[PDB]
Amino acid sequence: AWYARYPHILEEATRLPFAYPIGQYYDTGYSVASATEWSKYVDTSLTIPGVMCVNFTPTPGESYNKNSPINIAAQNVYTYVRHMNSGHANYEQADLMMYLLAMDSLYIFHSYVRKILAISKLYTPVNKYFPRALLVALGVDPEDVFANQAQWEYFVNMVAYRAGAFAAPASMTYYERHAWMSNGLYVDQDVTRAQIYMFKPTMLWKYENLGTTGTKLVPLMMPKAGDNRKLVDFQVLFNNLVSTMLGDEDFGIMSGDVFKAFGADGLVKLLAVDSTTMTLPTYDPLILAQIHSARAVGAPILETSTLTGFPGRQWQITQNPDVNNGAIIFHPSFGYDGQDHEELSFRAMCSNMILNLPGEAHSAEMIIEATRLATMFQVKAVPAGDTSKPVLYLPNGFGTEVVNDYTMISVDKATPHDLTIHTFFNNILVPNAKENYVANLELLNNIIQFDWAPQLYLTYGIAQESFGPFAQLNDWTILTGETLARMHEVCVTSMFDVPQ
Amino acid sequence: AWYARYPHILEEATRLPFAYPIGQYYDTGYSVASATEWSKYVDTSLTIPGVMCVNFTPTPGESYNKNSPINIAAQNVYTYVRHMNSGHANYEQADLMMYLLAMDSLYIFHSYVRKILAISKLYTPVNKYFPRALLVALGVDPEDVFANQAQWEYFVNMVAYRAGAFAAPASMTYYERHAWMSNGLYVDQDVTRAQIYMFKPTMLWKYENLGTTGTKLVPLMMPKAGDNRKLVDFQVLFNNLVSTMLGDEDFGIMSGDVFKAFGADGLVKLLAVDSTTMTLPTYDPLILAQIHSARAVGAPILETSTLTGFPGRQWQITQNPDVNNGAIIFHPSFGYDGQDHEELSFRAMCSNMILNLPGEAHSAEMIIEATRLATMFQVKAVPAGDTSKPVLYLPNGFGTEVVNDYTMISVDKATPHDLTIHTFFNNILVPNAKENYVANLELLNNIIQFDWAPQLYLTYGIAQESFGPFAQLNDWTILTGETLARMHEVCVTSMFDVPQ
Amino acid sequence: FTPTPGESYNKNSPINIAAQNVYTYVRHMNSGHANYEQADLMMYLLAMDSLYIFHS
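Chains as they are written, first to last, in the entry's author numbering: chain A, 48 to 547; chain B, 48 to 547; chain A', 103 to 158. A prime marks a further copy of an entry chain.
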């Protein structure tokens, strides 16, 4: 060949600088020097996004009866605590189970602040997003972690010490699943300049035992991305979390009874951190499998949230013993977008989802673990009133965690190329504006930069027509709501299961 | 360990049919029962495209004086023919070189009709685009191949017999590249229900021999995908391809000189076909690398094409002994969209290209072979007149072939779900209309269904702003005009050569 | 019951694919008469099916 005869000309001809370090703006330049008269018609910008954050919410699953897996697990752990290990008989099954859920929220908070501490020591020349973009996506000021890192470390250690006052079973996979999910960095590819997936809890459950009418886990809001929160705000959040937890007699005898039934080696163990413990991003395909099938349900509903025609639709877990035979009722109203309007794009999520999977042959565990974060709407919630500004949807069942939002961190194409935060569901609405089509195209390109990005459903407001899954398909199926509800029931039963 | 002690429920809960055969419309249905009142706001339509045809054009490599690599190769092959072996003095070097260029067009046409005949025997139940969609994308009537298979077979055999009468050197790797490109299907993911890439000539060079002005090569059009031409149109094309070529007495004199110079074994031989010669799709990442880094230049300019301010910009490989010292002359003008107006989206190609490659370490052969189909504009061609409706762009030296446009085949949105043909460049213009945005969105989704799809530069007419490369970048670099011209000179010289 | 060839609104239906395959086997491999298309042969085969259903 000619290439074998003259390899020197081929070598000197094709020496190009590869491996551009992502994290800053790049300008391609002009091939035509007279193209400056067409200013916006030539796109010389080139931005590579680096961080996608999955804003998740811990849930016990769908529950409207006593036949829910949460109530079955409550009855089983109550039998193991009292009827086999001599309990105190000052509480029911549901009080113990809501106490266990409060433990889950505590361990999620500890893994969250441990990830916040461990992220800030990551520095590399090939990625300029490390570690400021991850701290921006977590809603924490990076200067407050640069300046007082030792205070952050000792606060994390003190959280791990104070969380050991109560007890929780180690063999329950719910705790270790939430702690592993909330404390990981997951690259979308096995390359040195990959993109970071993340899991930030926006919801934490706060114990609210007031009155005789039963306990309740009220919502507690976590810092959203772009809010520069310091260590004092996280300490205030932690003290608000254990305000009604420590100093409670019922919680004290519950911790004593769990410490009696399960041994000292049978309880969970929060690991101590120090100055040499840092985490690196790992490649997890099973994380990408459930990230791909993740379906957003929108921002949660609080007591302060105003809804026209929807009163009392807050995301609370109730423990009223006078109604429903004292069941742990938790079924929320989805589709709320954070404010009081119609949110036309959420109608695109009313079709049956497409379960996409890598490879050709799929095991049962792969299909079950790929549908952990999926949620399909089933029936519209009937409003109590003649006028209704939003539209809410009741699901047919969800897993141990739902997805509310997503967060994109990428460099801006305009001066001075700082980080931009883009919050979006799977559904993206593009209304009548000349500045919204190019922004939506840039958001689409930034989404498809990631490998297993969730399947979007873009609604165009000027054509009154939405679009299906905007993702590349390899081996897919159509999932009905009944089969996904069955898989969610299996997942919630297996996660809350404890061995006796 | 709930999955271990209850494996039957885990096995039964995840029995899903995953191998969905592409090639038909799929209605996912409504997950919410009352979502049928939202009309097009719930998109329950899912289509997977199957055919991407890359429409190319053979070129000598932008000759503009005697110092071009094609003229140097003409001098080298003329010294090899007439100085090393006792030849004739009736023909010059440029006549022999353009005879060799016309032999490439004849071999491309033979491989074209051979692929038309060999495609129609492809059938698999998991891909319903076989073989009707490939025959639609190749521009033939699919029913005419099935109804007249015996007349189609001997036509290809007679084309091979009447094109094998002349000689062309097999040591020259121009023919062994073009014939290998023009036949054979190329899957994009090496799976069973993969997507097929193709290569079809948009045009071919028909030999016409004039008097003292020269033996200039002329354009000859080819049927596009929405034509459904029968066998007699291809017979007419083959008849006027060699109408003034087989009727020339001096043609065989220089044809036999190649035979006696290069021997009887170092010649290009055409493979005869029978009823069992069936081609199969193969996986080649070398083809996908140059498919991914490909840039469209537009439709060729003909003598019948009307251009305001561009009277003599027709694509012709001229050779006049009177002017330019008897050199082969070929400098086409790109940027022609087929109509007599300026294509607004062609301004987006004035930025520097992005060479994206898989993996981390790239050899020099991979870099020089990944830039074969790319073509970058350098400077606008000066119009001859006070007004000009289109805008044409002169290249900085193109490679051995140029991509005109692309043809994409997919099933229809509505009844009866027949094949639809989409013709688009690398630049897609979305004008301000009611229904163009969702058509552009489904075009984008169908393009990103393909794995190594070319990078699209979408220009929006409402915002008067275009966007950069719409492709997933993995390991990329910015290519300037000078480096790509340096690569293209090497890639032109490496094909037009003889190692003796 | 009613004998049917299946759903067919395109040329990608299995009835048309079987018609093309049996037409190729009849003509292009076994020297057919070229006075009819694939579909005429396939409708003739369906008429044979109705005849054998009547006999049974």
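Quick reminder that beta carbons are idealized off the backbone N, C-alpha and C, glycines included.
Which residues in chain A' sit within 8 Å of residue i, going by Cβ to Cβ distance?
i	result
B/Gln71	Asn114
B/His135	By Cβ distance, chain A' contributes nothing, its closest Cβ being about 46 Å from B/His135, past 8 Å.
B/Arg179	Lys113 and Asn114
B/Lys481	Neighbours of B/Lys481 on chain A': none; closest Cβ ~29 Å, over 8 Å.
Taking C-beta pairs closer than 9 Å, name the residues in chain A' that residue i reaches, listed in chain order.
i	result
B/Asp188	By Cβ distance, chain A' contributes nothing, its closest Cβ being about 12 Å from B/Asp188, past 9 Å.
B/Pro430	Under the 9 Å cutoff, chain A' gives no residues; its nearest Cβ is about 48 Å from B/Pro430.
By the criterion of Cβ-Cβ separation under 8 Å, what are the contact partners of residue i in chain B?
i	result
A'/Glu139	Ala194
A'/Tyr146	In chain order: nothing, as chain B lies at least about 17 Å away.
By Cβ distance below 7 Å, which residues in the same chain neighbour residue i in space, the five residues on each side in sequence not counted?
i	result
B/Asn102	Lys247, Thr249, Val450, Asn451, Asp452, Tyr453 and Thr454
A'/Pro107	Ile117 and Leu148
B/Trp199	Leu164, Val192 and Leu278
A'/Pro105	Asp151, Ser152 and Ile155
A/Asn474	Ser392, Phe393, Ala395, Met396, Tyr504 and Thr506
A/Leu333	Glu416
Within a Cβ cutoff of 8 Å, which residues of the same chain sit near residue i, ignoring the five residues on either side of it in sequence?
i	result
B/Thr418	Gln337, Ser340, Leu402, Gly446, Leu526, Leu531, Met534, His535 and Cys538
B/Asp522	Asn403, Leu404, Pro405, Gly406, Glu407 and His409
A/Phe65	none
B/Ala180	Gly70, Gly97, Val98, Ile456 and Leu466
A'/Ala141	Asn118 and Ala121
Could you give the first and the last residue of the continuous beta strand (DSSP E) run that contains residue i?
i	result
B/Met245	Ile243 to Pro248
A/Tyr440	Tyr440 to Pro442
B/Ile468	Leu466 to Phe471
A/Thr524	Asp522 to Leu526
A/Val477	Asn474 to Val477
B/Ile364	Looking at the DSSP string, B/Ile364 is not in any beta strand (DSSP E), and its letter there is neither H nor E.
A'/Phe156	Where A'/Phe156 is concerned, there is no enclosing beta strand (DSSP E), although the alpha helix (DSSP H) it sits in stretches over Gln140 to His157.
B/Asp452	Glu448 to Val458
B/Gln425	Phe424 to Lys427
Which residues of chain A have a Cβ atom closer than 9 Å to the Cβ of residue i, listed in chain order?
i	result
B/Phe517	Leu488, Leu491, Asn492 and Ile495
B/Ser352	The premise fails here: B/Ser352 is roughly 23 Å from chain A at the closest Cβ pair, so nothing lies under 9 Å.
Could you round the C-beta distance between residue i and residue j to whole angstroms and report it? I think they count as a contact, below 8 Å.
i	j	result
A/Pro437	A/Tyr504	Incorrect: roughly 18 Å between the Cβ atoms, too far for contact.
A/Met144	A/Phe213	That pair is no contact at about 14 Å.
B/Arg276	B/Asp188	7 Å
A/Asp304	A/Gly134	5 Å
A/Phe357	A/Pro463	About 43 Å; that fails the 8 Å criterion.
A/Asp544	A/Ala120	7 Å
B/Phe381	B/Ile364	So it is not a contact: roughly 16 Å between Cβ atoms.
A/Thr291	A/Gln366	Not a contact, Cβ separation roughly 14 Å.
A/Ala308	A/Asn112	Wrong, their Cβ atoms sit about 27 Å apart, outside the cutoff.
A/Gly508	A/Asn487	Actually they do not touch by this definition, with Cβ atoms about 11 Å apart.
B/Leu314	B/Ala217	6 Å
B/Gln511	A/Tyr88	7 Å
Quick one: which chain A residues come within Cβ less than 8 Å of residue i?
i	result
B/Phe472	Those do not exist, as B/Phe472 stays about 15 Å from chain A at its closest Cβ, beyond 8 Å.
B/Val426	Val79, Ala80 and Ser81
Can you give me the Cβ contacts of residue i inside the same chain, cut-off strictly under 6 Å, excluding the 5 residues immediately before and after it?
i	result
A/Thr326	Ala165
A/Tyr67	none
A/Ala343	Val450, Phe472 and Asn473
A/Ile494	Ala500
A'/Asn137	none
A/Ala226	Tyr154 and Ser158
What are the boundary residues of the alpha helix (DSSP H) that residue i is part of?
i	result
A/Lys307	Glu296 to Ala308
B/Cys100	Segment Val98 to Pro105 is the beta strand (DSSP E) holding B/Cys100; no alpha helix (DSSP H) there.
B/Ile495	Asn483 to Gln496
Anything in chain A' within Cβ reach of residue i, meaning under 7 Å, just list it in chain order.
i	result
B/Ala197	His130
B/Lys175	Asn114
List, in order along the chain, the chain A residues whose C-beta lies closer than 7 Å to that of residue i?
i	result
B/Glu58	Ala411
With 7 Å as the C-beta to C-beta threshold (strictly closer), list the residues of the region 77–105 of chain A near chain B in chain order.
Listed by position along the chain: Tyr77, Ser78, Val79, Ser81, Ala82, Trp85, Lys87, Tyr88, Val89, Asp90, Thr91, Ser92, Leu93 and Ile95.
Using a Cβ-Cβ cut-off of less than 8 Å, list which residues of the region 451–465 of chain B approach chain A'; keep chain order.
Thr462, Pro463, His464 and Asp465
Relative to chain B, which residues along the region 208–232 of chain A have a C-beta separation below 9 Å, given in chain order?
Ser218 and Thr220
What residues in the region 520–539 of chain A have a beta carbon less than 8 Å from any beta carbon of chain B?
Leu520, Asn521, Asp522, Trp523, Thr524, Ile525, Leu526, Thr527, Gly528, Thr530, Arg533, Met534 and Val537
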